[PDB]
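1. I need the structure of the sequence given here:
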Amino acid sequence: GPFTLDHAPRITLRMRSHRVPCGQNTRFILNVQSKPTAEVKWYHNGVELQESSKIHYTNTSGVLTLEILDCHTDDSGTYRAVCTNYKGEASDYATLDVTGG
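-> Numbering: from 1, shown residues only. Below you will find the coordinate block:
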């Protein structure tokens, strides 16, 4: 059948928790495989993230990137990507530790 190969999102490359010196820009990367293609939502400490001068995420054929610019203490904490399709969901979280330069 046309929907036999449909499957819940599968994250094959997960985000890496990491440190960044205060003031630098930093990135999280993950890769999801999903049929049909999954909806993607980003969160910082539980609150859904939007594109802004501070936050830029991309999504190219499942390759997902989140950039945070000019990192300060407020930017520390948990970043979570949640990938959803009708078959199920996959979530990945990682921690950003903003440190001294």
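
2. Wait, residue 75 touches residue 97, no?
-> No: applying Cβ atoms under 8 Å as the test, residue 75 and residue 97 come out as separate, 10.0 Å apart. In short, each C-beta sits where N, CA and C put it, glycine included.

3. So those two - more neighbours on which side?
-> Shown here are residue 75 and residue 97; by other Cβ atoms under 10 Å, residue 75 has more neighbours (20 against 12).

4. How about the contacts made by that one?
-> 44, 68, 96, 98 (Cβ atoms under 8 Å, 6 or more residues apart in numbering).

5. ditto for residue 96
-> By Cβ under 8 Å, 6+ apart, the neighbours of residue 96 are 17-18, 20, 26, 28, 68, 71, 75-77, 79.

6. Can I get those in CSV including distance to residue 6 and secondary structure?
-> Formatted as CSV, the contacts of residue 96 follow (distance: Cβ to Cβ, whole Å; DSSP: H, G, I helix; E, B strand; the rest coil):
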residue, distance to residue 6, secondary structure
17, 31, coil
18, 34, strand
20, 38, strand
26, 35, strand
28, 27, strand
68, 33, strand
71, 38, coil
75, 37, helix
76, 38, coil
77, 34, strand
79, 28, strand
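
7. wait, which of these is closest to residue 7?
-> residue 28 (23.8 Å; Cβ to Cβ).

8. Quickly find the element holding the spatially most central residue of the chain.
-> When Cα atoms, centre = their mean is applied to the chain, the residue found nearest the centroid is residue 81 (3.8 Å). Take DSSP states H and E as the rule and residue 81 turns out to sit in strand 77-85.

9. Outside of that strand itself, list whatever touches it.
-> Contacts of strand 77-85 (Cβ under 8 Å, 6+ apart): 6, 8-9, 11, 15, 28, 30, 32, 34-46, 64, 66, 68, 89-96.

10. Filter these down to the buried ones.
-> 9, 11, 15, 28, 30, 32, 34, 38, 40, 42, 44, 64, 66, 68, 90, 92, 94, 96 (16 or more other Cβ atoms under 10 Å).
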